[PDB]
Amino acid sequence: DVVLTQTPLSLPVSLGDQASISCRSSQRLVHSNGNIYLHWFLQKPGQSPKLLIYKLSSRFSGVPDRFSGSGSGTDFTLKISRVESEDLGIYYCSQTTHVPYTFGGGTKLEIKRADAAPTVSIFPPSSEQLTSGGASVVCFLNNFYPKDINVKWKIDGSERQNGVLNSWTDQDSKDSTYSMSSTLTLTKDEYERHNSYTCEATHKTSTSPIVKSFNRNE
């Protein structure tokens, strides 16, 4: 099948500025009739994808002239001349020359703000959870930017992979930051067998990780 690769995965832009999204095809997309069925869709949150550009460079009905599609061969580009708040969401390239029709992974058009270090909080299991035979340790990593963040769980010095549930918020509407939750799930029996519990955050705002720790029963 035809593989469509989008670059970048995330595009931080300021309102009023120019933005450009690239799409790389694994095959040439010239149909027998001479047309290039490479299209661009925009998906806003809670909505379905909407057609912006089609057959490489045609603007769909209602789409303003700020959007333009370009390309040849395997390299295709979508340009937004003056980014507005309405332009925010996920942009997908689409090819319909060859069956099966395929899409790119999407490019998120997001807002730029100053760099912000995450505020990290660690939470030992609640006594109520311990009464029920469970034990989850919860780590919040809040109001950070940019969005790229690595979180790391350590139990008694050793790194833990199993029982780690991560969740991420979308870009906050008011402050333009990101937040993340990371939960380490254990049986009470395993939890009562380890002492040191650590949540480490790696973010471009610090050269050393932010470490929040506790020792069971102090």
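When you see a residue number, it is the position in the sequence shown, counting from 1.
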property	result
Comparing 88-96 with 70-78, the one whose average Cα B-factor in the PDB entry is higher	70-78
Mean C-alpha B-factor comparison - 27-35 and 180-188, higher one	27-35
Highest-ranked of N166, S61, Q171, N150 once sorted by CA temperature factor in the record	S61
Residue with highest C-alpha B-factor in the PDB entry, from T202, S10, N195, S22	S22
Assigned third (lowest, middle, highest) for the C-alpha B factor of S132	highest
For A114, the third of its chain into which the C-alpha B factor falls	middle
Third of the chain's Cα B-factor distribution that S48 belongs to, per the entry	middle
